[PDB]
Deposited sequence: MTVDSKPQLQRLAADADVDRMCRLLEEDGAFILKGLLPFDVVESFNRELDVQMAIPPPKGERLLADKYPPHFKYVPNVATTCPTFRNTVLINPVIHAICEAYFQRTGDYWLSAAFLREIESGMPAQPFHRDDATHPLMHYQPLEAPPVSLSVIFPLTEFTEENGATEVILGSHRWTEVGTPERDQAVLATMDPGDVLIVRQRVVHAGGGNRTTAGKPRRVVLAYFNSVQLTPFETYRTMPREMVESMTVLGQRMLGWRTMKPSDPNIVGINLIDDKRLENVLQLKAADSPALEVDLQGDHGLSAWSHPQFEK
């Protein structure tokens, strides 16, 4: 079976745009240096050391390993991994027909030994209107998957069904129609809208949990699933302009016919109503 193509971090973005249309996904090898991986990894340990919260938990009081919206608690994500110039090179070429994009969610899944595999899916459930966009329409969503520990056949490496954005519906494919996304920490797996995929769980026995940070970059026409509006101004203003636009703190622009912009108030740019400073203001 044709496997996921592996490209170097400085590969040709024109080539990456062809892989996403042909196969539906590709892999960047070693996009992020290991010490950025280790920084992010030690910042998530801090979060998994947080006391259990004495209130509701939307996806977590839903179940009997989860770190939501990692951009607000891990400075390594929001100030390094969020603004990776290769990723933004891929998003600009990918989103060229639909316009500006921003971060709709970024969270952590940890999969301990003995956990079952994840069902086949598309990342289409949060904004169900995507279910009804035809294949030829400008894409509105792009999945960016960061292995924080090794992805293996044995620990549940993500399974991607190549070319499956051409199916109208998911149905119920069998694990054997997919290929594995084995990767080193620092690698990245990019997944096109409508491509069927599934985490593999962790059939192992010895205690080594698989770690994956999942970032969904959507058209700015699509409401961010995570709202980053409660960040402190002081944390917001030490980000770059690029980061603030991802986290929804600036006015944005879908491609024409939206000839004005989006996320604005007082007929002014949100960053000017708030008089927002930025690290690269």
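- Within the chain's deposited sequence, the coordinate-free stretches run 1-5, 70-72, 290-312 in sequence order.
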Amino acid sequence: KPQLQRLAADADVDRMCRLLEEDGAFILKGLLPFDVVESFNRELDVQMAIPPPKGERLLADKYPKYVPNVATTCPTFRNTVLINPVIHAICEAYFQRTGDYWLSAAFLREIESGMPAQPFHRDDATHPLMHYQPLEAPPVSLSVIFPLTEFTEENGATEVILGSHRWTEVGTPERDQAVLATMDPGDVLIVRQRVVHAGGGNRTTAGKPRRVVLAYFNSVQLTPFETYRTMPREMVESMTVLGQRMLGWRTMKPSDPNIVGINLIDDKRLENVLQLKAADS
From here on, numbers count along this sequence of modelled residues.
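So that the term is clear: the rigid core is the largest set of C-alpha atoms that superpose within 1.5 Å between two forms.
- Displacement analysis by core superposition in 5 other deposited structures of this protein ranks 162-170 above the other of 162-170 and 98-106 in root-mean-square C-alpha distance from the shown form.
- The rigid core fit leaves 51-59 as the farther-lying stretch in 5 other deposited structures of this protein, judged by Cα positions and set against 25-33 and 51-59.
- In this entry, the higher average B-factor at the C-alpha atoms falls on 46-54, of the pair 223-231 and 46-54.
- In this entry, the higher average B-factor at the C-alpha atoms falls on 205-213, of the pair 141-149 and 205-213.
- Take 94, 167, 77, 101 and read off each C-alpha B-factor from the entry; 167 has the highest.
- Each of 25, 265, 260, 13 has a CA temperature factor in the record; the biggest one is found at 13.
- Annotation for residue 270: C-alpha temperature factor in the lowest third relative to the rest of the modelled chain, per the entry.
- Per-chain ranking of the deposited C-alpha B factor places residue 171 in the highest third.
- The deposited CA B-factor of residue 113 belongs to the highest third of values across its chain.
- Sort the modelled residues of the chain by CA B factor and residue 134 lands in the highest third.
- The entry lists a Cα temperature factor for residue 193 that places it in the lowest third of the chain's modelled residues.
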